[PDB]
Structure formats: C-alpha cells, structure tokens
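What follows is a pair of forms of the same protein chain, given separately as structure tokens and numbered structure 1 and structure 2.
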Structure 1
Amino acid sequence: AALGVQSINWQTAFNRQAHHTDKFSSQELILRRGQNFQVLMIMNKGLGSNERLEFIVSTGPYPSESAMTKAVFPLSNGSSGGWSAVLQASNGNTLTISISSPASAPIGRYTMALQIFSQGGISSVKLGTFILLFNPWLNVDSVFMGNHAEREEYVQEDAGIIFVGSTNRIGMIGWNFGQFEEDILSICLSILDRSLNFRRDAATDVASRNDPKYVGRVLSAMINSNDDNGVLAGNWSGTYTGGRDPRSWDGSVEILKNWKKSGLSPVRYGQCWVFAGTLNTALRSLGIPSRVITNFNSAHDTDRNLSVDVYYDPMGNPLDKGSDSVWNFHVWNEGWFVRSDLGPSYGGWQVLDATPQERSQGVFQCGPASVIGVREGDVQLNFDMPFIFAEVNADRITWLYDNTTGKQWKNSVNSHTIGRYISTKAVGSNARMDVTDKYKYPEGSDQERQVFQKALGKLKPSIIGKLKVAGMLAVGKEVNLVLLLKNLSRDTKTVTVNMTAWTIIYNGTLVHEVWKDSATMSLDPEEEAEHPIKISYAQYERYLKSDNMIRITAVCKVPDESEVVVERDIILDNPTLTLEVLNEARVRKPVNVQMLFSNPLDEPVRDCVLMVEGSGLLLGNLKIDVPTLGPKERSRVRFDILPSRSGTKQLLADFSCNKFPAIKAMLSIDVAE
C-alpha cells in the first residue's frame, strides 16, 4: 500500500504553552514565528528509505514561495534555516516531527499540507491550519524584548491604565484591552485583510505582514473608520446622538466585536484614548509589544512650522479661528521593534497614532516614528515626524483678534507649555510613569532649543494675573475661582478685565458660554487685587459635556499697554461611583458584587444604565437598566461575576443617566486558584 497520513496530533496545549500563546481563548493552534513546535503524525505504515514527505504551509490569497507567503520543506534529520521539519523520533507508524518557521515569516493565518512521495507516485493532503504571530521572546525577531517583566506588561497584560485630564490635574481611566477574549485575535487578524493596502494588492500586502513597521502602520489607519471602513468613527462635537458617548466605553472588546458584528460598519463614537486602546489591543494580540501614551497639552500643527496658534478676542472669549489646535491631552500608542529602515540607533519604542488628525500619504495613518528619532529632532525620517514632533514640542503663539476690525495681533509665545507630563502606565502597577524625558531634552535647556531649530531647519506688561480654583470642583456644585492681579509697575494704572467661561471638549472644541463679567479698576504700584468668579450649576449644567471641563479666560487691558491673557481650564469631578466585592474571589466560583451611587442633585437622575466588564472576570459587557434615582437618594445594584482566570484582575464599570453621562468606576480584584 501507498504511504498516507492516518491522523495528526498538533499537541496544541504543549506548543501553545511553549509559544506563550495559551492565554488566548481560541481553540486553534496559535504559534509565534521563528520557534519550533512538535507534532505527532501517525502514518498508515512505516517510513521507507525511498519515500519522502514534503511539508507545505501557505498564507494569504496568493501563497508565493518567493514572497515568503508559501513554503515547502522536506522532513529531514537535520535542520535548515527558515521553514523546516525534522524527524526527531519514529515509533510504530507515529512520526515525532519538529517543525520550525523563520523569524522573518509573515504573521497571520496559515494552512498546512503534506506531499507524500511513495511507491512511484505522489499524493497530497491538507493537514490543518494554525495562526502565526510575532515573537517578542525570540532574540532575532524584529519585536524582541529581552526583559521578562516588561514583555509581560507590554504583550501579556490584558488590563490597562490610560492617563487623562489636564496639566493642572492628571487623572486616569481603566481600559479593558481584552486581547485574549473570544474572537478578538481573529478579528484583529481579519483587519489586515480589510485594509486599503490589502485591497490595493493582497499579494504584496500579505507578504509585508512579516514587518511590524508595516503591520503597525496599517493598523494606525484601520482602527479609525476614515478612508477604509475602519473600526472607529471619531466625534469631538460634544453631541453623540446615534452612537455612544466617547467616554462611556471601558474596553476594546465590545468595540471590535460590534465592528465585526455590524458588517464592518463604523463603531460610533470614539476619541483619542478609545482609538489608542483598540489599536493597543490589535498590537498586543498580534505579538507587537505596546503601551499607551498620554501627552498633555498636545499640539496639532497643520502648516508644518512647529508652531500652533490660539486666538482670543478683546472680550476674553476663546476663539476657534485657527486650523491648528492645542488639546488638553492626546493619547496614542508606542510599538516596540527595530527600525531596519532607519538604522540601529533608531530602534526601540516607535510611535503609532490611530486618531484621525493628520493625513499621511492622503489617508489618516500615522507612524512608526522612532521616539529616539523625535527627541533629537530628526524629522526627516519616516513616518510623520514633523507632525509628531509638533505634538510634543511645537511653540504656542497666542493671538488677539477683534473681528469688528479684522485686525489681529500677537500676544505672546510659549516654548515650554506644549508637551508635558507625557505619561504611560508603569510596568506591573498602576503608577504613572513619566516618559517626557524620552520625547525631548528638558524644557528650559539650550538643547531643547537647539533641537527645535534643528527640526524647524529641516522643514525650511504692567499687570500679572493667575486664576485660582477655590474649593472642590464637581458636577452639581457651584464653581468658584479667583482672578489674581498685581501691578508690577512703578505707576498707578487703570485696568479693564473681560472674563468668560466656556464649556469645552478636551480637544479644545469650544461648546458654549456659561458665564461672563467685566471689571475696571485702578491698581497702585505693587498693589495686589483679586476678583471672585462664581458660576452656579444651573448656568453651566445646561452646556457641560461629559468632559466636565470649562475654559476660564480673563483678558486684562491697561491703557496703551498690550493685553494680558490669563487662562485656566478646569475639571469638574463626577459624584463618585463605587464598586465592591461581597466575598473572596476564586476561579470558576461566583463572586457577588454591587454598584453604589448617590445622586447629589436636587433633581432625580433618570435613564440609568450600568455597564460592567473585565477580562477574566466576566464574558463581555454586563448591561443593567437602573431604576430612576431620586434627589439625594442612593442606588445599590447587585450582580455576580464568575472569575475564569486567576490573578490581579480589573473590574470596570460605567454609570450613565440624564444628568451624568459616563461616570466611571474601577476595582482591582485578586482571583485565587
């Protein structure tokens, strides 16, 4: 009889554990390139000295041998670089074979077939399929990361921390990456097959999937719905009807599944941190080390001149007159891999930004831009460096503009306000790691100034005031501020002060005026004076968005002297929302929990909905309609979860009602067994 395969044992458990891919929920064979995996092949008979077995693996719609998208290797006794199969042992009709792929093979879904040379003929049989990923464990992979604690953080951790807020107050929100949850690895893998790149040339695209630079750049474009039927639809208008408030999401799992579920239709709606969270899920899942970055006072330079303009009018109103803009904070990603296109000194952390801000080559893509390449001002390298350098170190010019005259005049120039407290989640804890010293030399140092000009080169007052917050700021309470002025001149002057308060979206989008007042006064030389600003709930609640932010502005003008702009954005807290466990948590055993919320308003809160999720704690997102809560009343929603994996797990919740959109809550649970 002719030689044939009776059956094949992929030893999925073993290989996956050895390939550090066992955390995935899938049942498939998940492997990482450049590493060996052993399989058992029971043949109908014993192997002959004159018989031969050729293994055939292929990926994508055009398996090409010369494109590395297809490979055919013989079963030998020795080993050959790249794909190869080695007969380690032969017992009975069972063959113990060790297969190995090349560290430079393309990632993605594969198909394995067998070609058998026996008794004068040749047969072929499909053997199965397995998924192939990047290998941060392999010293020769592009994505190699030597440190254990680090790799675990940037590849294996499915729970995260994203810093938000403003330079006056840094906060954080929990985010569920859920890269190991069901269908998540598959959906990400399917993204690469939906990109514009693939549609433009599937053959060349699948062949380029052996490069993290390519894969990351493709994801930076595909995670946003712009241009390619991507995943997320952005919206910074402050009104998200027909979708979900950008601040209500808690993870990437429901965003990616909804995407696949709605026939790859835009998921509405998202903002920078949502994009970053999803993009970061796509990366850690494919095997590319990654973390999320928050840059406070992020600038958006449009005319590539390393300068951003912000306008105001004589009345003290913020103005949306410039194509450029300064966000209170912007969140993006950093992938880890060697840049063989830039040179040995530019490998390491690379920047990837899926937020649709600037087009690159016509489409909304961004990265990779070596972070090392950014600090030295080498903006001539790919990709999108002039733009990225501008987010972290552009100069802020403040303009005065009176529309009644069409006149416009520079007010000042700040070369240190932009790019501050650049944070990322610490390794193995929730501590805030500041990586600013990584994106630039110290503000206020000659080097920072020297590099700025280097980069630019490649692309080419009697009164002083400060606004002081008084008492806590929380949605429902009144806001109290204090304009502090002082006359530093030897002369007694008369100063006119125009103040305004506008609710805003963190990106700077002005929403609506909630307060205004004027005040003329005479200050003597060295005399200090303070003006009280008071804004009731009634006034701002009407136009306050889920950002809970207000832009306070005071424009002080003294006769014949230039104007003086005193500015300060404030963040109003949400009435606390608490999470609590009602017993000790153990794997596969129910764990009782409860949500707690007190409504501080004199009016009830209706349309209450609770959202809970957490990788390893629940499967998906738990939705709960909450009964309307009266004024000063307390809500106590009970529910259970069933821990599926042990360790420090993250429980995230979202509480939304008519007077309080997206209140967040987070609890770190320790699951035993």
Structure 2
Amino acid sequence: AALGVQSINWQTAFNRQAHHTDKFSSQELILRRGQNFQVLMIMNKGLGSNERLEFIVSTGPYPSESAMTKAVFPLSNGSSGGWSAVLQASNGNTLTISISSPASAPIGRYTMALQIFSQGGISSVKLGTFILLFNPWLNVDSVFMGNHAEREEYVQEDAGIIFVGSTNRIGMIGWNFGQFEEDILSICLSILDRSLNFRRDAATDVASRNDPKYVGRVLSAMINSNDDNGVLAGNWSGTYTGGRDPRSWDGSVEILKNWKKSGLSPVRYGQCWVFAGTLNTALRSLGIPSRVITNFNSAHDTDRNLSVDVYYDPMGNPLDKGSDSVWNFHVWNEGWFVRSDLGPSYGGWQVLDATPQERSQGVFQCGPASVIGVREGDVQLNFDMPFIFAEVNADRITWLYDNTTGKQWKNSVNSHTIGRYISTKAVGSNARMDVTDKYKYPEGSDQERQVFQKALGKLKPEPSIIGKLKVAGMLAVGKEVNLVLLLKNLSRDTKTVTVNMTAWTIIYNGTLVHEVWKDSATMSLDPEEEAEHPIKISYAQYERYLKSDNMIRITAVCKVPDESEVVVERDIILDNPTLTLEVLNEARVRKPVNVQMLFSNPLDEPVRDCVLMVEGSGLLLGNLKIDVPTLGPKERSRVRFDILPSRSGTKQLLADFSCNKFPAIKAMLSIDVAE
C-alpha cells in the first residue's frame, strides 16, 4: 500500500547524551536547540523517488508557522536552515534520519508528526513528543558559554552554596538545586504556562520563549507568590506560623514539588536566599547558565536618589522608619546570555531577582540588568537598572530623630558601607569567589564617584570620641552575650561622655523584633584615654525574642556636652549549638550507606518537638523527615539512617534539625560516591 510509519526509534540515551540532558531523571526525550539528533524510522516498505515525508513540530496552544511555534520541513538529502530533516541512509525498510532545530527556537514541550505523500494520496500520524531546551554548548545560541568548567558549574551542578551572614562574619548554607530530580524539569516548564504573560496572551508568550531575556524576566516574577500568581510567599516578620521557617529549607526540590502538590498554592515561607535558590534551579534546568549572588549591606532605595536613610533616637533605640532599608545581606541571581537589545558590550552576566521587593512595570519582577552596565552607571538601559545600582552604590545616611521635639537631624554620611563582599560559590569548590569588582569600581577612586555622579545625573535630572562595639566571648544561642563598648577621647582635654545603649533582636533584613537589653552610663576620660564599658545580655534576656536569624542589633548613642552624638552600631550573630553528620562506611552507587546525625543540647532545659530533615540529590530520593525523641539537658542525640546513592561523584548531604528551642540548625557533608 502507501508508505507508512510502522515504528520509530528515538535513540533517547544516545541523543540525550550528545545533547547533555542525560542527567534529568525523566525518561522523556530531552533535547537542546540548534543541534542535531538522530532517529530511526522503520517503515512498512521501501522509499520511492515519487514519495515524500514532511515533519511537523509544534509548541504551545496556538502552533503558528510565522511565530516559530510551528514548522513543517521536507525530509531532504541536504540540511536547510531552521528546522530540517536529512536522510542519511535507507537500509531496506528502515530510514536513518537526522533532525535539527534552529538555534533560535522557542524552548518548551513540542509534538512531532509526519505527513506522508505516497501514491496520489496523503496521510498523517503523530510520532511523539520531546522537550527542547537552551543550548549553552552552542556557540550561536545566546546562552552560549565557551568554558567547560564554567558551564559544568553554572548548568550541570545541582549542589550549591549560598553565602549569608554579615560583613562581620560571612557564613554559608548548602542548597539542593536538584534540577535533575523527579518531576522538577517538568514543573519548571509548567511555570511558563502559568505566567501572567501566558494568561494575557498564550500565543505570544510561547513565541517569546526563544529568548533568555523574556524567560529570565518571567521566572523572576513567577518564583514569588506576589501578584496572586507565583511559587514562594515571602515573610520577614519573625513569625512563620501557618508555614515553615524560611531558614529551615534545604533545597528547591521540596519547595517546587509542594507548589504543584498544593495545587499551585503559595509555598510558605521564603526569604531572599530561598527565592534565589529556587530561581537558580529553574534557570539551570531550562539551560540558562546561572549562579547565586549574595550582596552584603544591600540597600533598598525606596526613592531613586541613590541614598537610603536610617534613624535612631537619643536613647540609642533603632527606629522602624528605615531599619530594613539596608539588609545585612540580600541574595539574587545572574543569567548568562547576550543582550541583543543592549549591544555587544552588555552581554555576559545578567541580574535576576525574584525577591518581591520593588514593583516593576506594575508587577513584582526584576531583571535582566547587565552587570557590566551596572558597573558603568548606564542605568537607563533595561531592566530595573536604577534599583539594582542603588542596591550596590547608594549612600548611607544616619539620622537622629526626637519623637517629643519632633525635630530631625542628619548625623553622618557613608558611601562605602553599602555593597560589600559580593559573593558567589566558586567553580569546582565551596570557596568564596568575590565579585565586587564586577558590579562597581573600587570605592575611593575616580571611576567610583564618576560612575556614581553619571548615575545620579541620569536618574535625577571634628568629633572628639571614637566608638567601637566588640564581641568578647564565643557568641552562641544558649550562652550569655558579652560585648564591650570602646571609647577614647582624641582631643587634648577631659570630656564628659553620656552613653545611651540598647539591644534589639532583628531579622537579617533589619526588621525590628523587640528590645532585649538597654542601659545608660556616663564616663569622663582624660586625653587619649581608652575606656571599656562591658555590655552583658543573658540568654534568659534574649532567648524569648531571638528569631531563627540569631541576630541582635546593638546601638550606642554617645554625646559630649557641646558636641555631636557619635552613633556606634554593630549587628551580631549567635551560633547555634553544633549539628553533626557522619558517614559510617565507604559510599558507592546502589550500595546502602549508614549515616549518623549527632546533636548535643547545651541548655539547662530540654528541647522538644525535635525533627530531623535530610536530603541531597544523588544520595536520597526527596526529603527524609524523622521525629526525634525529647532530648534532656546537656544530653546527646544519635540518630541513624540509611541512604542509597544513585549517581557517583561528589554529592552533598544537607540536614536541618529543628526543636522548640532551636529552630533551623543546619548541617552539611560532602560525600564521595564510588561508581
């Protein structure tokens, strides 16, 4: 009869391997754009010079030829442009065919069909479906990344490291991107079919999915619950009843899965690193090289003038009016791709921030903004440049405010404090790569103030005493907080110095929680004399209002009879008692390896409602939740559990221990898995 497709061999393993998509847990045919893939078609007969096969690929709810969301191409003897099929061999009934997509094809789920011309007739038949992703390996693809190690880190790595803490002590927390985990790739592709853009106009949305810029920006909006459409609900209040403490999460895996499982209902709760971590997973899964960026002393300039204000009262109390405008640290992402809309000079790292902080075009989205651009004050380019620039270059201005007198007065200005130690995990290790030199020119330099002037212009057309708060003891939850305020007159005389001090528990962003300590004193020092006022806060005094942030704002407003007040400020971090993970034998694939979780309660009282949360791609399947018996005071807890490796190489086991007295204690262990 007429020619017909009897069966088809997609050579999934072969092609996924060549397309660098053989890591995804999915059994589907995952492919990358602008690159060939081979299929074997077993026909019911031989092919004739009179016949003809035409392939039909299409994506989205309105496959359109003129939108690239649909293409029809001839099985040829030579390759053409865009989509194409090439007959490489015809052994009797079976046909070896090479198909290729254009480097600019929309990414997403496609369907394949065949229209056979044979013996004066015509027939069609669906062949199958496949996923087409961005090709960071393809030189002509906007997301191209030439270096092997780099591309392996920013695309193939599913174990991450995010820097947190303060400009006083940079710490890190492990993060499970797990883009290769079950259902993850799929869910992330689902995100694009749930965006405001897609509801507004599905056809145009799908057609724009061939652009990393569009896909980037959309994701920065959909990773957050905001706009009544998104994944993670932010919360910086210190009260997380109804959801989960932002600091307890360990990956993007259970977050994205819960999203789906819950019927697309907001996952609770998240804070900036949670957004960046989850966004990174979505970016990397789709094929956009991405990395997590952490900026210390990050400013949120509510009004474009590259200047944020923070206030205090004469009593040393931090005021709310601007106490969260300068986060101890804020995290975001960077996508790697060219900017055809900006020029050759602005390609490279692009800023993407899914944290609902500033409204953009009426929506809670942010980016992509050229990092090279941000470094040049070319703030008029898209997107959200003014916001991100101030986020790293804004001037910090302190103010004293008297509630009674109503008066308000400027205390000191600082343009070096904001934007410090901008960090990101290093390629191949847990080292800290500092990329400050990428966002701005060295502070205290011509280029600094030049770019800053250029920016502000494009956007907006004698003390006597020295203060210094210092830690004096191992700061830790459960231990008393010992500090010492250092003062010293510099002038030649004996001054009388009044000091108003307070201590508040806060969230890392600056949200004021509650006062846990305060005190006043007066002291007169002789010329060049150095004083030491000890500050002591007991556990009982702060444990009540200390949040998972384990942070306390310490302030000291000092004043001399006829001078200006010297504001001495310092945020501290208390460490959690240690949580340990131990492998008990050599780790090998498909071979069970016993692990131990060890914890010791330092308190005088026991800790209750203990739960152990463990996970790690390649080591475990999903998350492992374990109820831990109440642990008495000064006692130790040993919990054993077996894990079964699935992939070899260096894997990351992450753990979380939570109990009423100690929310979110993290643990991390690199495990080498033998083949």
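For numbering, take structure 1's sequence and count from 1. We call the rigid core the largest set of C-alpha positions that still match within 1.5 Å between the two forms. Only residues modelled in both forms are compared.
Of the residues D245, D211, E254, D324, just one CA atom moves 2 angstroms or more between structures 1 and 2 under rigid-core superposition; it belongs to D324. Its Cα shifted by 3.0 Å between structures 1 and 2, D491 is reported here after superposition on the rigid core. Look at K589: with the core superposed, its C-alpha moves 0.5 Å between structures 1 and 2. Once the rigid core is aligned, the segments that move between structures 1 and 2, defined as three or more consecutive common residues whose C-alpha shifts all reach 2 Å, run 322 to 324, 490 to 492, 523 to 525.
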